[PDB]
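Next come the chains, spelled out residue by residue.
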Amino acid sequence: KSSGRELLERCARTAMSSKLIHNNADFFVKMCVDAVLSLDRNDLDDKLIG
Amino acid sequence: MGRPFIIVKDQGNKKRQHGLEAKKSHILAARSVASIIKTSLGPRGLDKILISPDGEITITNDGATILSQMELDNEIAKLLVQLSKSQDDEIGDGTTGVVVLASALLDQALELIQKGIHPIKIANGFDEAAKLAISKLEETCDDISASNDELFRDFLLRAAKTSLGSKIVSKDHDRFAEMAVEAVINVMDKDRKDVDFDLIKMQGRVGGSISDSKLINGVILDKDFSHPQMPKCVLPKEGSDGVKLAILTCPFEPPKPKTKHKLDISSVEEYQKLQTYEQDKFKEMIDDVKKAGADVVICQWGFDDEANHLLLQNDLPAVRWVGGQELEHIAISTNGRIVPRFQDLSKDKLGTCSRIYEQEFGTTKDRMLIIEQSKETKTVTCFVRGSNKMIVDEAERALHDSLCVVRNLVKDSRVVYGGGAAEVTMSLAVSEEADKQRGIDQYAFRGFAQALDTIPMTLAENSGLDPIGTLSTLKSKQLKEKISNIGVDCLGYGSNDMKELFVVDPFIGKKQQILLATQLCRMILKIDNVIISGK
Ligand SMILES: Nc1ncnc2c1ncn2[C@@H]1O[C@H](COP(=O)(O)OP(=O)(O)O)[C@@H](O)[C@H]1O
Ligand SMILES: [Mg+2]
């Protein structure tokens, strides 16, 4: 019974590894996590996040 | 397995670079690029001749233009070309200091790679050390926004005189610093101020001397009047000092639809009716201007031979073949609106100009239009002269960089003292934190602190001073005394204080020097396999 917002944050920081974001992941993860929440949970699109 | 071995197409032109020798080649290559502009850093810096394949030559010391329009091969130095372009676009100043600082981070990291430390672990310490340097300089950064507009005007002069000392414009910094500051003041809001650089225009002219350059508020047009015999100067009569300038996108031409059309005329009767038709159009076009009281009319397409003299009898000057972009910049300074059609012409859309005269240059045949405003207007225009075509173009980039420093103080009033004072202040802050934490990251912190010391040692080397005696003197006054104003003096004054020398630099310009240099070298250390295809 945890929070749904913190669930997407820990999973997003994993993909940030091996990239240039690993050091800056503090600021950058807070972006993409808020990007998926704007989209509808039923319909997720990769063209809108362009 | 047979002799032919093929996986990736074109294996002959594609070469693979790998190993410890790969890091040694790309780091030492980036140093040769900074070594060229190393002597160009500071007011003692020297220019660089750039030859284009078409034969045009350009002489500039700005690292953004030097790296631009230059033939390169290695991809590491091409990243430095985009590095100076990143510093030039947003900030507009400091393109030379970033490339020198970026190569200094690689030279200090090259010795750390041979010690057995992973390249990313070297780059991970640079990001943590860069945050401690910015936080230290921000604490000692003075805020000039607490003063009034009187002291704020002199604060913009301190920032302009510093950037103009490294160019050919450095002959007189006092006279040309007003041209950069006063051009910005006209577009400033006086509250929550934004620069809006689009309103500022720069038009160069090749001839005369650079001392003849003066700030003129208005629009510069190179298009001569439609008829030669109209008076060169236009002055208002009695009251209403505005000249009622009219800007129309539709010239004087026989009315026709844009689509393809065909007009069928029957014998003599309809042939004579259309004759009077157009003869009444010229009389209708001239009465609209006289009804609204307009004087000068400008348009994209040239007037007809019958429309040229029709405006002369009514004492109505006109200019033809004006570009579309030039039409828009005129209506802003005149507080007018461009009239789309002859039926919409009204006195509310007419412009206002204090004086307009026809400029002539030497024995060459040209006519330059000069619009002037007796009061503060929305736009400004830079008028630059020079004895050489390249000096004019160099004075453009020198004045452009000065306008980029002034606009940095408009958004962020926080400024720092440059000339070796800011680099040493941020360098000693990292060295103090390296001995406290110890660990395996103490070597990455010392390499970042020694890389920041390359900038003040470069300014002292180009000025003739001893880099050993200069660097040791700065660390003595910075550690003992909390005043960070002590920095490298390239001109040789008896005092090392940067505050008494009126040397002021924007904080957003110096902050991006470490940010752009640290983020670039982190990717360079992450590059192992290098595949270069021959062209
Ligand atoms: N008169 C001066 N006194 C002290 N330092 C100066 C002076 N003029 C320039 N500098 C220093 O030289 C450095 C380089 O400035 P400049 O060559 O004008 O542009 P860029 O930063 O693009 O190279 C700046 O960081 C500045 O601190
Ligand atoms: Mg500069």
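Summary of conventions: residues on each chain are numbered from 1 in written sequence order, possibly unlike the entry numbering, and any residue without coordinates is omitted from what is shown. Each chain gets a letter, beginning with A, and each ligand a number, beginning with 1, in the order they are written. Consider the displayed chains a part of a larger assembly; each reported value belongs to this part rather than to the entire assembly. By convention in this description, side-chain values take in all heavy atoms of the structure and omit both hydrogens and water.

- Going by the header, the method for this PDB entry is cryo-EM, and the resolution given is 2.99 Å.

**A word on the overall build of chain B**
Then step 1. A count of helical and extended segments in chain B gives 16 helices and 16 strands.
Then step 2. Against the 2.2 N^0.38 benchmark of 24 Å for 535 residues, chain B shows a C-alpha radius of gyration of 30 Å, more extended than a compact globule.
Then step 3. Dimensions of chain B along its principal axes, counting C-alpha atoms only, are 100 × 80 × 45 Å.
Then step 4. Exposure categories follow from relative accessible area, calculated using a 1.4 Å probe and restricted to protein chains: below 20% of the type maximum is buried, above 50% is exposed, and the middle band is partly exposed. Of all 535 residues assigned to chain B, the portion counted as buried reaches 46%.
Then step 5. In what follows, residue pairs with any heavy atoms lying within 4.5 Å of each other are defined as contacts. Relative to all contacts within chain B whose residues are 6 or more apart in sequence, the contacts with residues 24 or more apart total 73%.
Then step 6. The Shrake-Rupley method, run with a 1.4 Å probe sphere, supplies the accessible areas, and residue values consider only the shown protein chains as cover. As presented, chain B carries roughly 29,000 Å² of accessible surface, and 50% of it is formed by carbon and sulfur atoms.
Then step 7. Charge assignment in this entry is limited to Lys and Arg as positive and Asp and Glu as negative, and neither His nor the chain termini are counted. One atom stands in for each charge, and that atom is NZ of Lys, CZ of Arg, CG of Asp or CD of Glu. Each charge class in chain B can be summarised by its mean position, and for the 71 positive and 80 negative side chains these summaries are 4 Å apart. Each helix corresponds to a stretch of at least 4 residues labelled H or I by DSSP, and each strand to a stretch of at least 2 residues labelled E; elements are numbered beginning at the N terminus. Atoms counted for the radius of gyration: C-alpha only. Globule rule: 2.2 Å times residue count to the power 0.38.

**A closer look at the nonpolar core**
Soluble globular proteins: nonpolar side chains tend toward being buried together.
Then step 1. Grouped together as the largest cluster of nonpolar side chains are 61 residues, with contacts concentrated most on B:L80, B:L83, B:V99, B:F448 and B:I514.
Then step 2. For the purposes of this section, nonpolar cores are sets of buried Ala, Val, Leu, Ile, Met, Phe, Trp, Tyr and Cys residues that join through side-chain atoms within 4.5 Å. One finds B:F155, B:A177, B:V181 and B:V380 within the second-largest nonpolar core, a separate group that totals 36 residues.

**Considerations on the site of ligand 1**
Residue and element names in this part refer to chain B.
Then step 1. Around ligand 1, a shell composed of 17 residues is seen, among which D93, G94, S166, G419 and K510 lie nearest.
Then step 2. The contact in question runs from an oxygen atom of ligand 1 to an N or O atom on the side chain of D93, over 3.1 Å.
Then step 3. Here a cavity is any set of points on a 1 Å grid over the protein atoms alone where a 1.4 Å probe fits but cannot get out, and a pocket is any open set with protein on both sides within 12 Å along at least 5 of 7 lines; a residue lines the site when it has an atom within 4 Å of a point. Here the criterion for a molecule occupying a pocket or cavity is that more than half of its atoms lie within 2 Å of the pocket grid points. Cavity membership is defined here by more than half of the atoms lying within 2 Å of grid points; on that basis ligand 1 lies in the largest pocket.
Then step 4. For the shell around ligand 1, the secondary structure elements donating two or more residues are helix 4 (95-113) and helix 6 (149-163).
Then step 5. The class makeup of the residues in the shell around ligand 1 is 5 nonpolar, 9 polar and 3 charged.
Then step 6. Both domains that meet at the shell around ligand 1, namely domain 1 (1-144 + 414-535) and domain 2 (145-217 + 378-413), each give it at least three residues. We call a residue near a molecule or strand when any one of its heavy atoms sits within 4 Å of it. Residues adjacent in sequence count toward polar contacts only when both atoms are side-chain atoms; beyond that, a polar contact is any pair of N or O atoms within 3.5 Å, and within protein one must be able to donate a hydrogen and the other to accept it. Residues are grouped as follows: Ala, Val, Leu, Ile, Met, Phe, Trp, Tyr, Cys and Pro are nonpolar; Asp, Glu, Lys and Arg are charged; every other residue, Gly included, is polar. The domain limits used here are those given by an automatic or database domain assignment.

**Here's the deal with the pattern of salt bridges**
Residue and element names in this part refer to chain B.
Then step 1. Counted as salt bridges are all cases of a side-chain nitrogen of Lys or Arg within 4 Å of a carboxyl oxygen of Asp or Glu. Considering all chains together, one arrives at 30 salt bridges over all chains under this definition.
Then step 2. Across the pair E182 and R153 runs a salt bridge whose closest N-O atoms are separated by 2.6 Å. One end of the pair, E182, is in helix 7 (residues 173-185); the other, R153, is in helix 6, and 29 residues separate them in sequence.
Then step 3. Judged by relative accessible area, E182 falls into the partly exposed class, the value being 25%.

**Here we look at the layout of surface pockets**
Residues and elements named next belong to chain B.
Then step 1. Grid points are joined across faces, edges and corners, and a volume is the space filled by probe spheres set on the points. Its volume calculated, the largest pocket comes out at about 1,100 Å³.
Then step 2. Forming the boundary of the largest pocket are 42 residues, of which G42, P43, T162, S163 and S166 lie nearest the centre.
Then step 3. Mapped onto the lining of the largest pocket, the elements with two or more residues apiece are helix 4, helix 6, helix 14 (454-462), strand 15 (505-506) and helix 16 (507-525).
Then step 4. The residue makeup of the lining of the largest pocket includes at least three contributed by each of domain 1 (1-144 + 414-535) and domain 2 (145-217 + 378-413).

**Describing the interface of chain B and chain A**
Then step 1. Between chain B and chain A, the contact holds 8 residues from the first and 5 residues from the second.
Then step 2. In short, buried area is how much 1.4 Å probe accessible area vanishes from two parts on joining, totalled over both. Across the chain B to chain A interface the summed buried area is about 560 Å²; carbon plus sulfur atoms make up 39%.
Then step 3. Contact with chain A buries surface across chain B, with B:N124, B:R522 and B:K526 losing the most and accounting together for 61% of the total.
Then step 4. Along the contact surface separating chain B from chain A lie 0 salt bridges.
Then step 5. Applying the counting criterion to the chain B and chain A interface returns 4 residue pairs in polar contact.
Then step 6. Contributions of two or more residues to the side of chain B that touches chain A are made by helix 5 (119-139) and helix 16 of chain B.
Then step 7. Ranked by residue count, the leading element in the side of chain B that touches chain A is helix 5 of chain B, at 4 residues.

**Digging into the sheet that holds strand 9 (residues 297-298) of chain B**
Residues and elements named next belong to chain B.
Then step 1. Here, strands pair whenever DSSP counts at least two bridges between them. One open sheet holds the 3 strands; their spatial order is 8-9-10, and the pairing between them is parallel. In the strand order of this sheet, the two ends are held by strand 8 (246-247) and strand 10 (318-319), each with one partner.
Then step 2. Two strands pair when backbone bridges link them, and strand 9 and strand 10 are joined in this way by 2 bridges, in the parallel orientation. Across the sheet, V297 pairs through a bridge with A318, a residue of strand 10.

**Considerations on the sheet that holds strand 13 (residues 380-384) of chain B**
All names here are of chain B.
Then step 1. Spatially, 5-13-6 is the arrangement adopted by the 3 strands of the open sheet, whose pairing is mixed. The sheet terminates laterally at strand 5 (200-204) and strand 6 (215-216), the two strands that pair on one side only.
Then step 2. For strand 6 and strand 13, the ladder comprises 2 bridges, and the chain directions are antiparallel. Each bridged residue has a counterpart across the sheet, and for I216 the counterpart in strand 13 is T381.

**A few points about the packing of aromatic side chains**
Then step 1. Stacked, edge-to-face and tilted labels apply to pairs of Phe, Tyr and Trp rings (six-membered ring for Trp) whose centres lie within 6.5 Å, assigned for plane angles under 30 degrees, over 60, and everything in between, in that order. Within this structure, the stated rule accounts for 5 aromatic pairs over all chains.
Then step 2. Seen in terms of ring centroids, A:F27 and A:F28 are 5.9 Å apart; in terms of plane orientation they differ by 65°. Their pairing is edge-to-face.
Then step 3. Among the residues examined, A:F27 registers a relative accessible area of 57% and is labelled exposed.
Then step 4. Between the aromatic rings of B:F252 and B:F342, the centroid separation amounts to 5.6 Å while the plane-to-plane angle is 70°, which identifies the pairing as edge-to-face. Placement of the pair is B:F252 in the loop between strand 8 and helix 8 (267-292) and B:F342 in the loop between helix 10 (324-333) and strand 11 (355-359), with a sequence separation of 90 residues.
Then step 5. Among the aromatic residues, those joined into a ring-pair cluster are B:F252, B:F303 and B:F342.

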